[PDB]
Amino acid sequence: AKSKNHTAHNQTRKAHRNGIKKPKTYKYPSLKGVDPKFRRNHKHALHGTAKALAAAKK
Amino acid sequence: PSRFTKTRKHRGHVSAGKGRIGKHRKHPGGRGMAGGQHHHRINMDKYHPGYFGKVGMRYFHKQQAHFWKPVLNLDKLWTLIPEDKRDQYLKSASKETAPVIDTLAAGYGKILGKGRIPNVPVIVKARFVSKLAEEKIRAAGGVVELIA
Amino acid sequence: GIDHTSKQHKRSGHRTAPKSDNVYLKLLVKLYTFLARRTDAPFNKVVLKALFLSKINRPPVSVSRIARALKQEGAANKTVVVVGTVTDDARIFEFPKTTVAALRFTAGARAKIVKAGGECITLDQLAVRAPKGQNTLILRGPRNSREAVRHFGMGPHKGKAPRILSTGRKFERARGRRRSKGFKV
Amino acid sequence: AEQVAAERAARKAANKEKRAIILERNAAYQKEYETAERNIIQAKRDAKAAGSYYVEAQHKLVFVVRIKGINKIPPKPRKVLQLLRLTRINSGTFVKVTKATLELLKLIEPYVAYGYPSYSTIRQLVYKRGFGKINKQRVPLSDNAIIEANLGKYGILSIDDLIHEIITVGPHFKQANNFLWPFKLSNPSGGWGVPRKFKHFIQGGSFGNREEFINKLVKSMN
Amino acid sequence: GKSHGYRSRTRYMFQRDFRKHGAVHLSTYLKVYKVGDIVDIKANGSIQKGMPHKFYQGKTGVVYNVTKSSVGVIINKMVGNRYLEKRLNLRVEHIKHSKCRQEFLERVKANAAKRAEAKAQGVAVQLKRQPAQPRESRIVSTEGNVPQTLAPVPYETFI
Amino acid sequence: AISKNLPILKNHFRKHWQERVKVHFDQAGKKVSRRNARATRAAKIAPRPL
Amino acid sequence: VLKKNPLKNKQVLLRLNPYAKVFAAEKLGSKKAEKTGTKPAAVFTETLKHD
RNA sequence: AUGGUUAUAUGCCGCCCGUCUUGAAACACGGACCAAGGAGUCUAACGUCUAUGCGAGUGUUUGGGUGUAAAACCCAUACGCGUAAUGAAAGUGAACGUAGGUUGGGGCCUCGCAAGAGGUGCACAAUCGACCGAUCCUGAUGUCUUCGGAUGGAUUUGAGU
RNA sequence: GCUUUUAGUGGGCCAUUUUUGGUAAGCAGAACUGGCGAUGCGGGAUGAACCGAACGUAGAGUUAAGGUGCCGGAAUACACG
RNA sequence: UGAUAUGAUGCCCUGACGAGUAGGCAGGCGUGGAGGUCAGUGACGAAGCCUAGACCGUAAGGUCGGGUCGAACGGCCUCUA
């Protein structure tokens, strides 16, 4: 009772039925996995420049 | 009703929506939760992680009346004053005439401080209070009286 | 013999009539189909599309969500339009004087809005007050705060609230959920 | 509200000024075409007299007819044929000749026949099979206002404005050509002239560069 | 049995490019990679630490995380009917900047300058690129260049 | 037998459950007969509360 | 309602393209060219009839 | 008379259906013929979607009152689910702030003949934070001197705010 | 652009080109594309896959592949062997 | 959507498209019974049955004439199996 083992037939015709999709890039990508010593400080860089810009509307 | 059912639409067509090759059989993969670790493993992980195994300690004869402690947030807490007296007590926000709020008779075991009561002094009859529920109640000029 | 670049006979995918048989709702669609066709105002093309929506797709707008929307700058005197249901919020203790137009108000929302001296009008009184959508502010409720969308996209490492009847210890908290029992999602 | 002729005579007068503009611009177009062809003939003769060879300019525009049907097409020429708006057999388009289109034509060569169309072929094509893409809905041209309300942003406001933006390939060739719905040509009236269509025109078939003889195709297929 | 290890089918890929073996030159360690730089991945065979998989050889992505002896590179991977975003912590010996972005940033300075020069002199800038346009008409002279008549050649063996 | 993102159900129907189904059709009937029993008791116990 | 052909149906040929009325006037498609008596160079003929 | 139906003649075409199968007219299986019967149903618990009533609530119908009597109508207290989560548990328990900052964002508002500029931006999407629980670290005033756990954190964690 | 939900399916086969085992096979197994399955029409007499071309009901015209002595619609056409 | 004439799920203009197994969805045809209605049909002939007789619908089917027959049965709006 032998049979076919493997084929890549129809797999590209299948993948292009729904038209192989791009990963939809964003502005402000995620800081996940970015170096934590940079990422720790970047919290304080953003918080300080929000305090300084809200100070412009005192 | 059976009039609006898709079995009235497979009259005439042979396999009744079940396929020629598939040939709808009685139990092709088992019965019920059968084979969750063997041939239904890719469904068990991915949509039910954590199913198999043991966590924690057993509680012989657990009664869920010992653990009766429904929570009430500082969000509402004025719904336990009726509406005809709610506008009366909200104005004249002062001590020596302060609304006693019976939270246990209202059906709550614990007061929690989710946020922003008005600055009226109130009297809270509670069993359990959190930290922040007591701090915000006292910052409005009220107290909490623990009862049983 | 045509090499088709797209699916033939495809519908638009959007609602053109509401699925309901609410006769007063279809009179509101009859009013706003007229106004979207013959006024060229961008407002009326929005309200007509919103009048079609299903009960999931029009979540209730709280009355405290409205009072937050009038705290926007310049929006203190705008007519807030809610295509759906205005619900009361006991967590807000001061409500402004504004006018609200909506499909339905609950008996607590209407009692709160008129208590501050506002008016609860309907969507056709709005279209007599403002046919082109003058001085309005369309508010929509939170769509992704239902219980069902917790479970949408359930998979490994996605954290999407497994479909389960009973919740606590010994119901899906074990092998697959902590590192001490095999693997962790 | 008068409106019987208080606006009707104004509309008739405005259409008359439009029609005078179209008349003088078509006269300018005709004079330019005639001087262009005479000047190429005289450059040829005045190079032959001078002991030289006037090479012509390379052709800036081809007309392409899809020659093969729908079935059994590989994905790359099928994708290019979808991009050149040739989605059925015996359909044609005008293509501006650059390298980025020469390589497309070299890709779909065993499925199309193309060449260099004259003024007269373009003229008969837009006059008989000329259709526009107006909210798309395939509107026949049939009147100069149909062209003007869709291409007056580029200056084109008549049918010879369309032909002039095709043949002389203009600064607005892309918009004027994308406006034209692809020409649903018929089969040729004289036949194809070959027993077997699907070899090259050099090998005695139909596909490939059929250069000036593309007119002999299209005027029978139009 | 089959073998599908981490470095299977890489006989010639991580080979070290004949008569350029040995240690690597020091301008590999002196490039400055900033977050957003477009890099090319070519795995150095002699540095076994921090190598990419053989899929990512010749793949081009952007830098997302810059640390001590490596950078984090974002690569799109074609898998199924979608693309996934892949994150690679690769040492800087297996990497170099792209020159195709050096096509871009130098053409940005050219395009922005030609817009300013045309603004002062006669706008109609015309600062797009154009494809290879076909050739113009010209007159080629036969003076000193009388055409030689070439005929086809008979068959000869010559072995 | 386990296929979709559906919650794991516990339907305890593996016994002979169909032999022990008690549908309460006599809810109205037992209500009427119970009111009649209370009326008869109030008649027998004639001056007293129920 | 119906597509009238130009290049026959002279009225629709006149509705489009108002130049056509004068294209039949001066006839403009059977115009003669001006006769110019230039002869080719000798070297052109030598390379034409060369063996 | 045209036309329609019907039988027949003529020209060309047309292999028994159903089924399993890569492939059935098959030298594969069932089918002599006819009439009637004949196969995705109901229930318990659920997923998505939709419609409807109400809405931080909701669900009268276990039961009671009633009745023209298995209908209809009316109702108290409970309880179920929801409004709080997280931990194995003891337990603890959701605002620094216009309930945050940025990037888009329909709609509305102001100027304009328009093109456009600016303001406000619901939902939704991306991001950086803040809050609550668990884990790990820190251990203030105090102390039945070993209890207490303030304050501050952390590439940790949650089916949360 | 995005999301949910669910059916059937998870025996395949052939053709061009590349290619493995085999003396080979209407053999066994791969790669890419196109087909058949799932598909009728014109041609190859006949045939699942080849060639042409993909199909609502009709009318007119033109052709594709294939053909034009007769069966058989269409030259016992013309030209050089 | 402006009435004083009736379909706004309407009517009308415009363009393109139409193969199909397994399968999904939609609009309908028919049957047994239930609620409402047509103050419906009917011993002066209901239902049924027969009818190379007619009409409508792409179709599921519906309608009419003639014969036979003798006691009940349909159209429409919904419910149900």
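Residues numbered from 1 in each chain as written, not as in the entry; some residues may be left out. Chains lettered and ligands numbered in written order. Part of a larger assembly, values for the part shown. Heavy atoms only, no water.

Structure determination for this entry is recorded as cryo-EM, at 3.28 Å resolution.

### Notes on the overall build of chain D
Scanning chain D from N- to C-terminus turns up eight helices and eight strands. With the C-alpha coordinates aligned to their principal axes, the bounding extent of chain D is approximately 70 × 55 × 35 Å. The proportion of buried residues among the 222 residues of chain D is 42%. Taking the intrachain contacts of chain D between residues at least 6 apart in sequence as the baseline, contacts between residues at least 24 apart amount to 71%. Taken as a whole, chain D presents about 11,600 Å² of accessible surface, with 54% of it coming from carbon and sulfur. Once the 39 positive and 18 negative side-chain charges of chain D are each reduced to a mean point, those two points are 13 Å apart. (Helix = DSSP H or I, 4+ residues; strand = E, 2+ residues; numbered from the N terminus. Buried < 20%, exposed > 50% of the residue type's maximum accessible area, 1.4 Å probe, protein only. Contact = heavy atoms within 4.5 Å. Areas by Shrake-Rupley, 256 points an atom, 1.4 Å probe, with all protein chains shown as cover. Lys, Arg positive; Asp, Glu negative; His and termini not counted. Charge placed at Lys NZ, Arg CZ, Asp CG, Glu CD.)

### A short note on the sheet that holds strand β6 (residues 143-146) of chain B
Residue and element names in this part refer to chain B. One open sheet holds the three strands; their spatial order is β2-β4-β6, and the pairing between them is parallel. Both edges of this open sheet fall to β2 (100-102) and β6, since each of them pairs with a single strand only. In this sheet, neighbouring strand axes are inclined to one another by 25° on average, regardless of whether the strands run parallel or antiparallel. Direction of pairing for β2 relative to strand β4 (residues 123-126): parallel, over a ladder of three bridges. Along β4, the bridge assignment pairs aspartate 102 with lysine 125. (Pairing = 2+ DSSP bridges. Axes fitted to C-alpha atoms, helices over the stretch in contact; angles between N-to-C directions.)

### Details of the interface of chain B and chain F
Interfaces are often described in size by the accessible area the parts lose on coming together. Across the contact, 13 residues belong to chain B and nine residues belong to chain F. Carbon and sulfur atoms make up 63% of the area that chain B and chain F hide from each other, which totals about 870 Å². Connecting chain B to chain F are two residue pairs in polar contact. Split into classes, the residues belonging to the side of chain B that touches chain F amount to five nonpolar, seven polar and one charged. (Buried area = accessible area lost by both parts, 1.4 Å probe. Polar contact = N/O pair within 3.5 Å; in protein donor to acceptor, adjacent residues only side chain to side chain. Nonpolar A, V, L, I, M, F, W, Y, C, P; charged D, E, K, R; others polar.)

### Section: the interface of chain D and chain G
Opposite the 26 residues of chain D that make contact, chain G presents 23 residues. Both sides of the chain D and chain G interface together cover about 2,200 Å² of buried area, and 60% of this is carbon and sulfur. Summed over the three residues of chain D that lose the most area to chain G, namely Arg19, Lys48 and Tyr127 of chain D, the buried surface amounts to 24% of that side. Run the count over chain D and chain G and you get zero salt bridges. Summed over the shared surface of chain D and chain G, the number is eight residue pairs in polar contact. Elements with a contribution of two residues or more to the side of chain D that touches chain G: α1 (8-48) and α4 (119-129) of chain D. (Salt bridge = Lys/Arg side-chain N within 4 Å of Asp/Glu carboxyl O.)

### Topic: the packing of α4 of chain D against helix α8 (residues 214-221) of chain D
All names here are of chain D. It is at 10 Å that the axes of α4 and α8 come closest, and there the two elements cross at 20°. By the angle between their axes, α4 is roughly parallel relative to α8. The two elements α4 and α8 cross, and the hand of that crossing is left-handed. Residues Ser120, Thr121, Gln124, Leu125 and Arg129 of α4 pack against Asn215, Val218, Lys219 and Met221 of α8. In the contact of α4 with α8, the residues fall into three nonpolar, four polar and two charged. (Parallel < 35°, antiparallel > 145°, perpendicular 65-115°, else oblique. Left-handed = near helix turned anticlockwise from the far one by under 90°.)

### Looking at the packing of aromatic side chains
All chains considered together, the criterion is met by eleven aromatic pairs over all chains. Between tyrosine 59 of chain B and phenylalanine 67 of chain B, the aromatic rings sit 5.9 Å apart at their centres with planes inclined by 75°, giving edge-to-face as the arrangement. An angle of 85° between the planes, with centres 5.7 Å apart, marks the rings of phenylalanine 94 of chain D and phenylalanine 183 of chain D as edge-to-face. Here the residue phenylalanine 94 of chain D occupies a position in strand β3 (residues 91-96), and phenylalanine 183 of chain D occupies one in strand β7 (residues 183-184), the gap between them amounting to 89 residues. When sorted by exposure, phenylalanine 94 of chain D lands in the same class as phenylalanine 183 of chain D, which is buried. Taken together through their ring pairs, the aromatic side chains of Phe63, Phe94 and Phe183 of chain D make up a single cluster. Directly above the ring of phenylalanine 4 of chain B sits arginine 3 of chain B, whose terminal nitrogen or CZ lies 4.1 Å from the centroid. (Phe/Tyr/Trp six-rings, centres within 6.5 Å; stacked < 30°, edge-to-face > 60°. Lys NZ or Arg CZ within 6 Å of the ring centre and 35° of its normal.)

### Observations regarding the protein's contact with RNA strand H
Contacts to RNA strand H come from 103 residues, most closely from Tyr28 of chain A, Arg116 of chain B, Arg65 and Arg178 of chain C together with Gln27 of chain F. The contact atoms of RNA strand H, taken as those within 4 Å of the protein, divide so that sugar and phosphate hold 71%. The contact in question runs from a phosphate oxygen of RNA strand H to an N or O atom on the side chain of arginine 116 of chain B, over 2.4 Å. Here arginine 104 of chain C contributes a side-chain N or O atom positioned 3.0 Å from a phosphate oxygen of RNA strand H. (Near = heavy atom within 4 Å.)

### A look at a positive patch on the surface
On the surface, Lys54, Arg58 and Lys62 of chain B, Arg169 and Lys170 of chain C together with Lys10 of chain F cluster together to form a positively charged patch. For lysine 170 of chain C, the position within the fold is in the segment after β5 (136-138). (Patch = residues over 30% accessible without salt bridge, like charges linked within 9 Å, V, L, I, M, F, W, Y side chains within 5 Å.)

### Structural notes on the protein's contact with RNA strand I
Around RNA strand I, a shell composed of 40 residues is seen, among which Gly22 of chain B, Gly1 of chain C together with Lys72, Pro188 and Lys197 of chain D lie nearest. Atoms of RNA strand I within 4 Å of the protein: sugar and phosphate make up 86%, bases the balance. One of the backbone N or O atoms of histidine 6 of chain A is found 2.9 Å from a phosphate oxygen in RNA strand I. At 2.9 Å from a base oxygen of RNA strand I is found a side-chain nitrogen or oxygen belonging to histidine 9 of chain A. A breakdown of the residues in the surface near RNA strand I according to their chemical character gives twelve nonpolar, 18 polar and ten charged.

### A short note on the nonpolar core
Residues and elements named next belong to chain D. Ranked by size, the top nonpolar core spans 36 residues in total, and within it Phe94, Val126 and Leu162 carry the most contacts. Listed by contribution, the elements that provide at least two residues to this core are α1, β2 (61-66), α4, α5 (144-151), α6 (159-167), α7 (173-179) and α8. Of all the elements, α6 adds the most residues to this core, at five residues. Discounting residues that sit within four places of it in the chain, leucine 162 has contacts with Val126, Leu141, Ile147, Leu151, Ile156, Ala176, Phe179 and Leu180. (Core = buried A, V, L, I, M, F, W, Y, C linked by side-chain atoms within 4.5 Å.)

### Concerning the sheet that holds β2 of chain D
Residues and elements named next belong to chain D. Sheet architecture is open: five strands sit in the order β7-β3-β2-β4-β8, paired in mixed fashion. On the outer flanks of this sheet lie β7 and β8 (208-209), each paired with one strand and no other. When β3 meets β7, the two strands line up antiparallel, connected through two bridges. Bridge assignment links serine 91 to a residue of β7, and that residue is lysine 184.

### A closer look at the arrangement of the chains
For the eight pairs of chains in contact, the maximum contact count is reached by chains D and G. Chain A makes no contact with chain F; the smallest distance between any of their C-alpha atoms is 23 Å.

### A closer look at the pattern of salt bridges
Across all of its chains, the model carries 18 salt bridges over all chains by this definition. Taken together, the shared-partner salt bridges in this structure form one network comprising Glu103, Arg107 and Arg129 of chain E.

### What to know about unusual backbone geometry
For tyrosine 28 of chain A, which is not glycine, the phi dihedral falls at a positive 55°. With respect to the helices, strands and loops of the structure, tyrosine 28 of chain A is situated in the loop between α1 (11-15) and α2 (36-54). A positive phi is found at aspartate 17 of chain E, a non-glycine position, where the angle reads about 60°. Looking at the element boundaries, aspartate 17 of chain E is found in the segment before β1 (38-41).

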